[PDB]
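>>> enclosed are the sequence and the experimentally obtained structure.
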Amino acid sequence: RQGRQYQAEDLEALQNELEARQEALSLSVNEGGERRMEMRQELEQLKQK
Amino acid sequence: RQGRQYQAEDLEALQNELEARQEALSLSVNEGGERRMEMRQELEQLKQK
Amino acid sequence: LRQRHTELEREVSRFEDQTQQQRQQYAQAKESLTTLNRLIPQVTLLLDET
Amino acid sequence: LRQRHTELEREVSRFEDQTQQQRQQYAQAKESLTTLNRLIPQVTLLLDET
């Protein structure tokens, strides 16, 4: 379902990788949304100018 | 942690239910998380004004 | 605009709080879930209280 | 300012692509996590050449 194979001898590495990325999840969504909406208001000021 | 007996003898099914509950996490943290973000810019914009 | 600031601050305070609690509850949700993940998969069956 | 708008649109497109991507892969990763965290988290004990 994911990857192709990972040693049953270590689940922990996969746990940590997914931990890191899911931690990046919230940060990335905030980044995208905030930057895009901010530059949208910038568009608006440019329009009025 | 949960209830105080909380049918510990056999809780199996609730795990599934707990996962369902846990899904709301996404929204409940995510949503306001942009809202603050959102208005913050406006505050900043208003500040600038 | 300063009145706007105060009101937006009220709203942002409300959201900051709602987040502050909410995350406690849902972190606790995943935490209890981890407890279950530890217990049930086999441990509940060998610790079946024999 | 018209060029500014043009580049702003370019940046909009870039951000849209980035956001759609990242959120999709993050959902998929959450799902794979769910599988591992719930089912596997410790059963390697048993999988360990028992």
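Thanks, I have the structure now. Residues are numbered from 1 along each chain as shown, chains lettered A, B, ... in the order given.

>>> contacts only, for residue C:49.
Residue C:49 makes contact with residue B:9 under the criterion Cβ atoms under 8 Å, 6 or more residues apart in numbering or on different chains. All C-beta atoms are positioned from the backbone trio N, CA, C, and that covers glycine.

>>> I'd like the distance from the helix ranked longest in chain C to the chain centre, please.
In chain C, taking DSSP state H as the definition, the longest helix is helix C:2-39. Put simply, helix C:2-39 sits 7 Å off its chain's centre (Cα atoms, centre = their mean, to the nearest Å).

>>> also stretch A:23-32?
In terms of Cα atoms, centre = their mean, the centre of stretch A:23-32 is set 4 Å apart from its chain centre.

>>> hmm, who's touching it?
With Cβ under 8 Å, 6+ apart as the test, stretch A:23-32 has contacts from B:29-30, B:33-34, B:37, D:15, D:18-19, D:22-23, D:26, D:29-30.

>>> ok, those residues vs residue C:38, which is closest?
Nearest to residue C:38, judged by Cβ to Cβ, of the contacts of stretch A:23-32 is residue D:30 at 20.1 Å.

>>> isn't the closest one right next to residue A:2, touching?
No. Under the criterion of Cβ atoms under 8 Å, residue D:30 makes no contact with residue A:2, lying 11.2 Å away.

>>> neighbours of the residue in chain C that chain D sits nearest to, how many?
Here chain C gets closest to chain D at one residue, residue C:37, 4.8 Å apart by Cβ to the nearest Cβ. Residues lying near residue C:37 (other Cβ atoms under 10 Å in any protein chain shown) number 21.

>>> can you tell me which residues contact residue 1?
Went with chain A since none was named. Applying Cβ under 8 Å, 6+ apart, the residues near residue A:1 are D:32, D:35.

>>> wrong one, I was asking about chain C
Listed by Cβ under 8 Å, 6+ apart, the contact set of residue C:1 reads B:46, B:49.

>>> next one: it from residue C:24, what distance?
Applying Cβ to Cβ, to the nearest Å, the value for residue C:1 to residue C:24 is 34 Å.

>>> spatially central residue for chain C, please.
The centroid of chain C falls nearest to residue C:26 when counting by Cα atoms, centre = their mean (2.0 Å).

>>> so that residue makes contact with residue C:18?
No. Assessed by Cβ under 8 Å, residue C:26 is found out of contact with residue C:18, at 11.9 Å.
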